[PDB]
Amino acid sequence: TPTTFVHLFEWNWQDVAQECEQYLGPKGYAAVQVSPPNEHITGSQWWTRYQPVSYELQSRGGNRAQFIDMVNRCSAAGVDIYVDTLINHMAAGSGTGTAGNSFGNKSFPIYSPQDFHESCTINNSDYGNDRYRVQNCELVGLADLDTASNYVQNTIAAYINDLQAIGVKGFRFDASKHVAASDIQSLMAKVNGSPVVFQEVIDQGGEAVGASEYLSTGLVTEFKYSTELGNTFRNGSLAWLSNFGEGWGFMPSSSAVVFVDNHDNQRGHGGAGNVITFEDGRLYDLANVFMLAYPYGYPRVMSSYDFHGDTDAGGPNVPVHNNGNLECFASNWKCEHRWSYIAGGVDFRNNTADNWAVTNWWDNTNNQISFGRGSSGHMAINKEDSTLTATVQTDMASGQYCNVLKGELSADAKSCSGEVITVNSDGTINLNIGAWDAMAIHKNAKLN
Ligand SMILES: [Ca+2]
Ligand SMILES: [Cl-]
Ligand SMILES: [Cl-]
């Protein structure tokens with residue numbers, strides 16, 4: 001069952017289509033979040049994608065034709081597409097868009113100065129004591145659209161509805177905190193059907209605007225998950241995760257979009273250094289294994305590129321699928337969604353979707369944990385400097401299982417590609433996990 005989606009950060013339409021047919025679809029990924037496909041300002045910086053000029057499908061990722069082809073191809077492979085939608089603003093300054101359109105002085109092909117909120121700057125302290133300035137003033141100088149305007153609403157809605165007609169099944173509302181929740185409601189009233197919608201709202205607490213205000217318009221990004229998970233894995237005890245989720249003050253599980261990191265906090269935006277990224281290697285594997293195994297929220301695996309200490313830089317100069325050569329894992333695209341442990345985690349979540357409970361939780365009071373998903377699957381993570389050899393209780397049928405984190409079951413289910421885990425007649429497992437390693441098994445990866 002589909003349970004996880006991925007963000008192919010800066011991946012062009014051609015790369016996404018191939019990635020859907022060759023890996024994402026076969027591995028069970030539910031969807032792919034693409035970078036803004038609408039016309040935006042010129043420049044190699046990744047953030048240019050967040051400064052719109054018009055809603056024409058002409059961007060760094062490709063043209064409209066290529067965009068459509070990507071939607072059809074992914075759909076055919078069983079993978080949905082979520083479009084990152086800029087519902088809060090338009091580009092700053094002036095210039096020409098990726099489609100040739102000119103803009104300046106808050107004048108755009110589809111917007112005039114009157115369709116924007118009077119200019120003012122959002123100041124740090126505004127987040128804490130001034131709701132008005134947060135949703136009416138400019139975010140980093142970006143022209144703040146008057147989202148209360150019926151015209152603006154119709155324009156953004158027509159954009160979303162048109163994308164749905166093409167086949168887009170979901171949308172990410174960018175900078176949703178900077179847009180009044182009631183404004184988003186009026187917007188959703190103009191949206192056809194009921195597509196998947198998740199709103200980006202960074203709320204670590206103590207904000208004038210709270211994430212909970214957006215629970216009626218769609219899913220909401222739970223940034224506490226990324227920060228708290230990273231802080232615990234780096235500086236705390238995994239044993240504290242026994243009640244992760246609402247127990248830590250997070251939003252309801254059925255409303256949250258979670259992740260280990262995102263393109264923003266992996267480079268200092270909305271997240272401190274405690275956030276875990278691909279740069280932390282095995283630490284990243286483990287955090288992902290936890291997130292994917294734990295039954296909280298709708299997880300989005302991050303897929304990035306090595307920006308070489310340059311937080312402004314755009315992606316690699318070569319595509320992912322470059323003439324038969326996969327530009328992954330090196331100094332270009334990281335392709336974390338292909339990392340054995342991460343992809344294995346997705347397989348686990350997909351096969352435990354029939355039991356969203358945490359059963360038989362065990363820990364060594366510190367950095368060793370194990371828990372299951374009823375009789376559907378079991379897992380364990382060892383982050384101590386000594387081997388984890390504890391015997392844990394599980395609800396799984398006795399037999400031999402593939403550690404889906406290190407391999408997979410064969411076609412004839414007669415063998416595994418990775419290590420084998422045994423469940424004794426009493427349903428217990430005699431763990432043997434080295435330092436900084438883990439294991440995960442499920443009912444659909446049992447040896448025949
Ligand atoms: Ca706004
Ligand atoms: Cl192709
Ligand atoms: Cl996000």
Side-chain angles (χ1 to χ4, degrees), residues 5-7 9 11-22 33-36 49-50 62 65-66 69-70 72-74 76-77 82-90 115-122 126-127 130-149 152-153 156 170-184 187 197-203 209 211 214 218-227 256-267 269-271 275 297-304 319-324:
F5 66 119
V6 58
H7 176 34
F9 189 40
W11 284 46
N12 68 47
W13 309 156
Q14 294 170 302
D15 279 333
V16 179
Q18 300 176 65
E19 199 58 10
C20 281
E21 306 172 317
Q22 295 175 48
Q33 173 181 304
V34 299
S35 286
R49 303 298 283 278
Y50 296 80
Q66 302 174 303
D69 191 53
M70 165 190 69
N72 300 324
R73 291 215 263 158
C74 285
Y82 296 167
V83 164
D84 201 341
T85 314
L86 292 307
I87 71 166
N88 178 74
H89 53 271
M90 289 303 286
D115 299 308
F116 291 99
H117 283 154
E118 193 178 304
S119 285
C120 47
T121 302
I122 296 178
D126 287 343
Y127 289 105
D130 204 319
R131 161 188 296 277
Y132 184 81
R133 290 181 69 78
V134 165
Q135 311 180 320
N136 290 285
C137 295
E138 318 177 307
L139 171 65
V140 304
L142 303 170
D144 200 63
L145 283 163
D146 178 16
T147 45
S149 159
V152 177
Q153 281 171 32
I156 293 174
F171 308 85
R172 170 182 186 272
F173 284 177
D174 181 88
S176 293
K177 174 165 62 179
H178 299 282
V179 178
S182 51
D183 280 0
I184 290 184
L187 174 62
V197 176
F198 55 117
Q199 306 147 102
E200 174 206 31
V201 181
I202 303 177
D203 181 4
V209 175
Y214 300 82
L219 297 176
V220 177
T221 50
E222 177 53 276
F223 277 79
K224 294 177 182 168
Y225 190 111
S226 174
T227 286
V257 161
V258 301
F259 46 81
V260 178
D261 61 325
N262 78 326
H263 79 285
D264 278 304
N265 66 21
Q266 78 176 186
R267 30 173 74 60
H269 296 294
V275 171
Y298 179 23
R300 182 192 59 206
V301 173
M302 180 57 196
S303 192
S304 34
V320 177
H321 296 281
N322 188 37
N323 290 141

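The analysis underlying the following values was restricted to heavy atoms, covering all of them including side chains, and did not include hydrogens, waters or symmetry mates. For ligands, and for the atoms within them, numbers begin at 1 and follow the listed sequence. Sequence positions, counted from 1, serve as the residue numbers for this chain.
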With a cut-off of 3.0 Å, does [X] place any N/O/S atom under that distance from the Ca ion (ligand 1)?
X    : result
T147 : no
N136 : no
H178 : yes

Checking side-chain polar atoms at under 3.5 Å, does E19 have a donor or acceptor matched by the opposite partner on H321? yes

>> Can you see whether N262 engages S226 through a side-chain donor-acceptor pair at a distance of less than 3.5 angstrom?
In response: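 No.
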
> Which word best sums up how the rings of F198 and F5 line up, parallel for under 30°, tilted for 30 to 60°, or perpendicular for over 60°?
Replying inline: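 Ring orientation, 0 to 90° scale: perpendicular.
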
Self-check item: Under 3.5 Å donor-acceptor, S303 side chain and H7 backbone
Solution: no

- Query: Where the Ca ion (ligand 1) is the corner point, what angle links OD1 of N88 with OD1 of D144, to 10°?
  - Reply: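 It comes to 80°.
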
